[PDB]
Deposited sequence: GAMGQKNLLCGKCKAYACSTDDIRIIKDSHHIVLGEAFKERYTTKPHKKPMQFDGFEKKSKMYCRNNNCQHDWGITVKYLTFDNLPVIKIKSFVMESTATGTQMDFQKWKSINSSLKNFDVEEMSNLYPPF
């Protein structure tokens, strides 16, 4: 439905249709195209209480920007899963993504069967 932009440089980030919510907290982004729009630096940690194993920090790929976009994690069998920092984004016009969430219907919940269809284990 709507597009998120990097809050610092305004480069296109992703669509709200791309976002899934895990455990009513984590905002993950579906699709391999999104991975073209950020870079990462390693920051591996063992599993935390909710089953996220941190792998990296995400940065806007605009080299003049490099805004903190979030982290990537492994959750279940899904590695390199981007978890966006919702404070880091604004909406295409200008309101920020946190404001937009507050006045819009809830985003779609994560569905493991949908995820498995998109990223099959074979």
Worksheet item: What's missing from the model if you number the deposited sequence from 1?
Response: 1-4, 98-102
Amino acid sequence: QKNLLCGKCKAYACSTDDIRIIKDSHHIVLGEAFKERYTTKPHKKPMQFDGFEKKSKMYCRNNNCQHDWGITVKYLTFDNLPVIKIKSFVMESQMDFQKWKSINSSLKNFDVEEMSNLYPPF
From here on, numbers count along this sequence of modelled residues.
Discussion item. When the Cα temperature factors in the entry are averaged, is it 109-117 or 20-28 that ends up higher?
Written reply: 109-117
Response to the item:
As the entry reports it, the stretch among 29-37 and 48-56 with higher mean C-alpha B factor is 29-37
Practice prompt. Have a look at 62, 88, 94, 77 and flag the one whose Cα has the highest B-factor in the entry.
Written response: 94
